[PDB]
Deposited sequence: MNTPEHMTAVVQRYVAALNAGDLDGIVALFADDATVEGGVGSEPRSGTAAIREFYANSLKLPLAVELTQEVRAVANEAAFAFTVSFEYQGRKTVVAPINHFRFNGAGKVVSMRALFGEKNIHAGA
């Protein structure tokens, strides 16, 4: 229609799909003309898949850390993305913003995080 309930569900599908390294599943949440920006922008179904392709090279442990804020045509959520490389666990803690269209597809995704939000040992 769409609704808070729907948008929260999409947020949750998104998180799950990242855990499952399920590219079809992620990309299917976006409109054909959606834009994606995680930081270097990217638009359209193809560019979006490539964006998440690079993201999923290492297996991701992804987790909502608070409730989803969903209202009108937007959703925002806090979460962590954890991965390991050369024996170092890294935890990135961003806040994402979705904008939905009438159909309930994500037409805009923005990831907000800075170096202060990247947590890892030596």
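Peer 1: No C-alpha coordinates means not modelled. Give me those stretches of the deposited sequence in order.
Peer 2: In sequence order, there is one gap with no modelled C-alpha: 40-42.
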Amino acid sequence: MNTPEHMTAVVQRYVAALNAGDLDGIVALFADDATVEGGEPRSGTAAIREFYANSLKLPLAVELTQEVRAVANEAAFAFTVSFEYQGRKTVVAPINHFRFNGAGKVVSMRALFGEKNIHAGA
From here on, numbers count along this sequence of modelled residues.
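Peer 1: Could you check the entry and say whether 5-13 or 103-111 has the higher mean CA B-factor?
Peer 2: Mean B over CA atoms: larger for 103-111.
Peer 1: Which of the two stretches, 41-49 or 82-90, shows the higher mean Cα temperature factor in the record?
Peer 2: The stretch with the larger average C-alpha B-factor is 41-49.
Peer 1: Looking at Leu64, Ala72, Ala76, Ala31, which has the biggest Cα B factor in the entry?
Peer 2: That would be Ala31.
Peer 1: For the listed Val68, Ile26, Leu56, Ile95, which has the peak Cα B-factor recorded in the PDB entry?
Peer 2: Max CA B-factor in the entry, restricted to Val68, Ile26, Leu56, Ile95: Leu56.
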